[PDB]
Amino acid sequence: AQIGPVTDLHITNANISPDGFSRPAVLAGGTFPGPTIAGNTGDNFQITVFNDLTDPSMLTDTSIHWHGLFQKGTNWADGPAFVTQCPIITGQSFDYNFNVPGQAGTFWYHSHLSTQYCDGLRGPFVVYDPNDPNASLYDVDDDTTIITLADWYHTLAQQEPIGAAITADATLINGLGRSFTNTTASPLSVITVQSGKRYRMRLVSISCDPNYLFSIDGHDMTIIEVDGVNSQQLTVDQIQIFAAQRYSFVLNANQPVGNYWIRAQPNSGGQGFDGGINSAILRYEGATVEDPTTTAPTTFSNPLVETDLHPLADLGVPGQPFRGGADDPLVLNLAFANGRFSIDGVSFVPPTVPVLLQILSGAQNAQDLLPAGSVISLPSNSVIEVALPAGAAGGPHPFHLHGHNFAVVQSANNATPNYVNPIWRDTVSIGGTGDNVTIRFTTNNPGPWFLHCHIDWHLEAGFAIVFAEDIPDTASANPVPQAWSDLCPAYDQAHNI
Ligand SMILES: *[C@@H]1O[C@H](CO)[C@@H](O[C@@H]2O[C@H](CO)[C@@H](O)[C@H](O)[C@H]2NC(C)=O)[C@H](O)[C@H]1NC(C)=O
Ligand SMILES: *[C@@H]1O[C@H](CO)[C@@H](O[C@@H]2O[C@H](CO)[C@@H](O)[C@H](O)[C@H]2NC(C)=O)[C@H](O)[C@H]1NC(C)=O
Ligand SMILES: [Cu+2]
Ligand SMILES: [Cu+2]
Ligand SMILES: [Cu+2]
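1 is the number of the first residue of the sequence shown in PDB author numbering; add one for each residue after it.
Written as structure tokens, this is what we have:
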């Protein structure tokens, strides 16, 4: 069952063995991934999060972010620790009470404290559209058509040794998959379809790090949604999906009744499909219960290329059609050295007082805000351009902006900008050396919004800044509930801060 839009959600520790290897985890709703939280566009979500964590090896504090939901007027509910709140302490609960006007699509939720989401606190979040303009393109769209892609580690996130390379031990598709080393024939996920029907597959990367090359043997995939934004139909046979991105695609169950491999190849960790790693099964009703015998092609015919995507609606691009053609044109210097990332020379280290609380307490310029150099003000009602030139180690980096989606005026691996009809999305690969991936948006959402790489290990190592959007109107725009005001006193008392 899906839960929500009004629900409790308990965060617990438990052992799980999604690839046959038992380890403790941090779970929402007792499962990995967590249960789907769902409602309809415009609904009031009230997710009362109960922190029941007791194992300090994965942190007993928590905070949850609702990835891709704009939180307009509810910045306090956004979830990034020390940006919009202090964490919830164990034995306490907190109602994330917000609305989703003007949004409908495929989202997800995850811990936003340290690297805790890697330890298991991740799940889908779907906002259905009763009047979806794409409704006639498919027959089935429900919990059985959500496909999550996850990296899974045998080493606990807090226990990843300083100075050694971090790679995953298994790819999990819908929570199941096989380990790259010491592979055992643990159960694979099965996605079931009926011959002749069409499915809205909601593909969600809940990755802490790798991107995946996703395909389904014998089938192609017609993209209709990108990170919550309806797209024109784009047929592809492979999707490279970066951490935190989402696509909806129509799967036409138009192949012979049978079994077909579902493939998700990460860019790090195990390469290939030996022993059934990196795999799940598409099974038609009436097929024999056995593994597929299909193969991938050597070369895919129609891979997704980001510049091929275009919005379904006439979204355009704000500003003027040239580089720097914005009210506030920015170019960030994104770098890595000696174990830490930096943005414009500053590595992000979370502050003691959340940025939002600093603003509400009267700190009203961004030079006043801690961490020094990590908070950049944005003016209200303005076109913002942010160029994100790649080159920093550990790429390709998927950058994500809270509080907003954005026009992708320039994509990876293509030097040509598009000021006419690029896709809008919320998480974008900044590509490879020499690229100049560039985003644009308008500032109509007062509050401090995190901008960061969504490889969680890189966020932890400092690859982030905060955009303090319309500082002057932040307090009036975002009235805070008493329970939010109680978070930092409770946290600081528990931790002797
Ligand atoms: C990415 O595009 C930005 C503009 O969006 C470029 O920024 C210019 O950089 C030069 C120095 O390299 C400055 O003189 C200009 O003032 C900047 N803004 C302009 C012209 O609008 C940036 O160089 C590009 N980066 C890469 C690596 O291609
Ligand atoms: C590189 O990106 C550019 C800009 O998005 C792409 O150019 C567009 O190509 C389409 C399809 O032929 C044309 O309708 C548009 O007029 C082009 N726009 C611009 C601004 O040139 C281009 O196709 C991409 N390159 C590749 C190889 O996909
Ligand atoms: Cu987010
Ligand atoms: Cu990164
Ligand atoms: Cu985030």
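Using N, Cα and C, we set each Cβ at its ideal position, and we do this for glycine too.
- In this structure, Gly431 sits away from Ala477, with a CB-CB distance that is not shorter than 9 Å.
- Contact holds between the segment 142–157 and the segment 166–178, because three or more Cβ pairs, one in each stretch, are under 8 Å apart.
- By the Cβ rule, the segment 46–59 does not count as touching the segment 208–228, because fewer than three pairs are nearer than 8 Å.
- Within the segment 24–95, the beta strand (DSSP E) runs of at least 3 residues that lie entirely inside it are, in chain order, 37–40, 44–51 and 64–67.
- In the structure shown, the three-state DSSP call for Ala393 is coil.
- Near ligand 2, residues with a Cβ at less than 6 Å from any of the ligand's heavy atoms are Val305, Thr307, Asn414, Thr416 and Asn418; the list follows chain order.
- For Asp426, the distance from the CB to the nearest heavy atom of ligand 3 is below 8 Å.
- The beta carbons of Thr60 and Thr90 sit about 4 Å from each other, so the pair counts as a contact at 8 Å.
- Residue side-chain check: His400 places its Cβ nearer than 8 Å to a non-hydrogen atom of ligand 3.
- Boundaries of the beta strand (DSSP E) around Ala14: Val6 to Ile16.
- Judged by DSSP in its simplified three-state form, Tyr491 adopts helix.
- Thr144 is not a Cβ neighbour of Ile173, given a cutoff of 9 Å.
- Here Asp368 carries a helix assignment [DSSP, helix/strand/coil].
- Relative to the non-hydrogen atoms of ligand 4, the Cβ of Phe300 never comes closer than 8 Å to any of them.
- Secondary structure at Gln265: strand, using DSSP grouped into helix, strand and coil.
- Distances from the CB of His65 to the heavy atoms of ligand 3 include at least one below 8 Å.
- Taking 8 Å as the cut-off, one finds no heavy atom of ligand 1 near enough to the beta carbon of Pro5.
- Looking at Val226, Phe450 and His454, the one whose alpha-carbon comes closest to that of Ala81 is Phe450.
- Every beta strand (DSSP E) stretch that sits fully inside the segment 405–466 and reaches 3 residues is listed by chain position as 406–410, 427–429, 438–442 and 447–453.
- Going by beta carbons, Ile343 and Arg283 fall outside the 9 Å limit.
- Taken in chain order, the complete beta strand (DSSP E) segments of 3 or more residues contained in the segment 155–240 are 170–173, 190–193, 198–205, 212–216, 221–226 and 229–236.
- By the criterion of at least three beta-carbon pairs nearer than 8 Å, the segment 125–143 is not in contact with the segment 421–429.
- In this structure, ligand 3 has a non-hydrogen atom nearer than 8 Å to the beta-carbon of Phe450.
- By the neighbour-count criterion, in which 16 or more other beta carbons inside 10 Å mark a residue as buried, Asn182 falls on the exposed side.
- Rounded to the nearest angstrom, the Cβ distance from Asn40 to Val127 is 7 Å, consistent with a contact under 8 Å.
- Distances from the CB of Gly163 to the heavy atoms of ligand 3 are all 8 Å or more.
- Each residue's CA atom was taken as its position, placing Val331 and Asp435 some 13 Å apart.
- Shortest Cα-Cα distance from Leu304 to any of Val236, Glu285, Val317 and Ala366 involves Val236.
- At a cut-off of 8 Å, the beta-carbon of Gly68 counts as near ligand 3: some heavy atom of the ligand is closer than that.
- By the beta-carbon neighbour count (other beta carbons within 10 angstroms, threshold 16), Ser17 is exposed.
- From the listed residues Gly276, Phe300 and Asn445, the smallest Cα separation to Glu290 is found for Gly276.
- Burial check for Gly123: the Cβ neighbour count within 10 Å reaches 16 or more, so the residue is buried.
- Residues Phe94 and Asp95 of the same chain have their beta carbon placed closer than 8 Å to that of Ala483, with the five preceding and five following residues left out of the count.
- Here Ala280 is buried. Its C-beta has 16 or more other C-beta atoms within 10 Å.
- Counting the other CB atoms within 10 Å of its CB gives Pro187 a total below 16, which places it among the exposed residues.
- The three-state reading of DSSP puts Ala483 in helix, counting H, G and I together.
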